[PDB]
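Trainee: In case it helps, the deposited numbering puts the sequence shown at residues 7 to 70.
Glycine included, C-beta positions come from ideal geometry on N, C-alpha and C.
If you scroll down you'll find the structure; I have some questions about it.
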Amino acid sequence: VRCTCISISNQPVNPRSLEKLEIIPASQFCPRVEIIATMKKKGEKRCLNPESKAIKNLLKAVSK
Numbered sequence: 007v008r009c010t011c012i013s014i015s016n017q018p019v020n021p022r023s024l025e026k027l028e029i030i031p032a033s034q035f036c037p038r039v040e041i042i043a044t045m046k047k048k049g050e051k052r053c054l055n056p057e058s059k060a061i062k063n064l065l066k067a068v069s070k
C-alpha cells in the first residue's frame, strides 16, 4: 500500500494554493486522494496525497 507522489503537499501550502488539481481515488495502494496539484497562488506543480487538515480542502475545494 503506497501511492506514487514524489513530493506531497501537507505543509502551510495547503490547497488554498490550488489551480489544476486532478484528483484520483487512491485506496488499493494509497488510502487517500491521488492528485497532480497545480497551485493557484504562485504557479506551482505538486503531487499531493491528502493526509492533513487544510488538505481536506484539497479534494473538497477542488471537487465542490
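For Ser33, count neighbouring C-beta atoms within 10 Å of its own C-beta (all shown protein chains included) and say buried if the count is 16 or more, exposed if not.
Mentor: In the sequence shown, counting from the first residue as 1, residue 33 sits at position 27. Answer is exposed; the Cβ neighbour count stays below 16.
Trainee: On the DSSP letters alone, give me the boundaries of the alpha helix (DSSP H) that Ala43 sits inside.
Mentor: Here residue 43 is taken as the residue at index 37 of the sequence shown, counted from 1. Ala43 -> not in any alpha helix (DSSP H); beta strand (DSSP E) instead, spanning 39 to 45.
Trainee: Below 6 Å CB to CB, which residues in the same chain sit around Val7 once its five sequence neighbours on both sides are set aside?
Mentor: Working through the sequence shown from its first residue, we reach residue 7 at position 1. So the list reads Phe35, once near-sequence residues are dropped.
Trainee: Quick check on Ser15: buried or exposed, where buried means 16 or more other Cβ atoms within 10 Å of its Cβ?
Mentor: Your numbering for residue 15 matches position 9 in the sequence shown. It is buried - the Cβ of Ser15 has at least 16 other Cβ atoms within 10 Å.
Trainee: Checking 8 Å against the spacing of the C-beta atoms, do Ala60 and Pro31 come in under that value?
Mentor: For the purposes of this step, residue 60 is identified with residue 54 of the sequence shown, where counting begins at 1. For the purposes of this step, residue 31 is identified with residue 25 of the sequence shown, where counting begins at 1. No, Cβ-Cβ distance for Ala60 and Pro31 is not below 8 Å.
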